[PDB]
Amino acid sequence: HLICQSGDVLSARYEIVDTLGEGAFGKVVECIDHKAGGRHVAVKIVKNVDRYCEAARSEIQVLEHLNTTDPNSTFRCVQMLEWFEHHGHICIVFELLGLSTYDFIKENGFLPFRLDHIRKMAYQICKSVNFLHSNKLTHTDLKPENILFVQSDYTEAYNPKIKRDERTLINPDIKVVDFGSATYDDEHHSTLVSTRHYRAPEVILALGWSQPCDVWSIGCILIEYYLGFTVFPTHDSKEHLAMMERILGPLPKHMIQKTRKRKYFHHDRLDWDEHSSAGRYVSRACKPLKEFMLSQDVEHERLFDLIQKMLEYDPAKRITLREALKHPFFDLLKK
């Protein structure tokens, strides 16, 4: 809620030339940097509101650490150029990227990505997020909006199988953004985790969370890229669990035994009515994971073997990103 338009100058150097979208955090603008030779940059302008200010300060700390640790951006976290304050608002200056993977999907009629692009995107996401994991961090908020294309140019053509006209990226290279929720191992882990697009079961059941909850989110990301829509279309925690059970089978009894989240359960089973309005929906929208496959070719079997390991209920059993990078789905890239 900084009031602004094109022509405004921030920090007496950054001239606004375009909007780059908005959120509950505030807004992003594209600027000309008159003190870096006219370079175009993205500036995130944070709401003067306690919650978003705190996230922003923490993001700045994380970005300074990551960018000092990986000065060449070998691991594809967005580069923060600097930060400043403008009429009391925290402003974070980034290298300018292309649009988010969410925005690309929306502008492509919610059609999914092609499997070769998914492979490359999956590999880069696992590599970047594994880098955070090697530096004692958990992202916690991985979703298509927080993965951005480096360059978003595309070509356009009719697809016979899927009914319609389709955009195809020329280069699908990505970077990871949003470090406003990123948490170090030695920091407090909020067991009351706030609103999230994807919610790992150990997060919902409040069993403790750490790096494996990022692996869960990546599994959900990959299925969304594959289908063009999420397999967990809800904002309600109990309904999330109900959808998990249709897609992945019953919650493990040890996780149900351990959880303090008794609101979700009748004795040892989910407290869920399949004949209610919400039950009727869940039953139609959700089905066993492998039934979402669009082909039984070897390549699709390999993606789905990986997704399934990422969506393992038990966060100890769940595949790590180090293991994920060695999975046969990625062999094509290493030939």
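Take the two forms, superpose them, and find the largest set of C-alpha atoms that agree within 1.5 Å; that set is the rigid core. Residue positions are given as counts along the sequence shown, with the first one as 1.
> Do you reckon 315 to 323 or 20 to 28 strays further from the shown form in 7 other deposited structures of this protein, measuring C-alpha RMS after a core fit?
With the rigid core fitted, 20 to 28 is the stretch that strays more in 7 other deposited structures of this protein.
> Quick check: by Cα RMS after rigid core superposition, does 33 to 41 or 65 to 73 differ more from this form in 7 other deposited structures of this protein?
Stretch with the larger root mean square C-alpha distance in 7 other deposited structures of this protein: 33 to 41.
> So, looking at the entry's B-factor column for Cα atoms, which has the higher mean, 68 to 76 or 162 to 170?
Higher mean C-alpha B-factor in the PDB entry: 162 to 170.
> Going by the mean C-alpha B-factor recorded in the entry, which is higher: 245 to 253 or 189 to 197?
Taking the mean B-factor of the alpha carbons in each, 189 to 197 is higher.
> Looking at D305, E30, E59, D50, which has the highest CA B-factor as recorded?
The record points to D50.
> Maximum C-alpha temperature factor per the entry, among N130, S237, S217, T138, belongs to which one?
By C-alpha B-factor in the record, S237 ranks first.
> For the chain shown, is the CA B-factor of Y264 in the lowest, middle or highest third of its modelled residues?
For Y264, the deposited C-alpha B-factor lands in the highest third.
> Looking at the temperature factor on the CA atom of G88, which third of the chain's modelled residues does it land in?
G88: CA B-factor falls in the highest third of its chain.
> Which third, lowest, middle or highest, does the CA B-factor of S11 fall in along this chain?
Highest third, going by the recorded CA B-factors of the chain.
> Quick check for you: using the entry's CA B-factors within this chain, is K35 in the lowest, middle or highest third?
It belongs to the highest third of the chain when residues are ordered by C-alpha B-factor.
> Lowest, middle or highest third: where is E22 by Cα B-factor in its chain?
Tercile = highest for this residue's CA B-factor.
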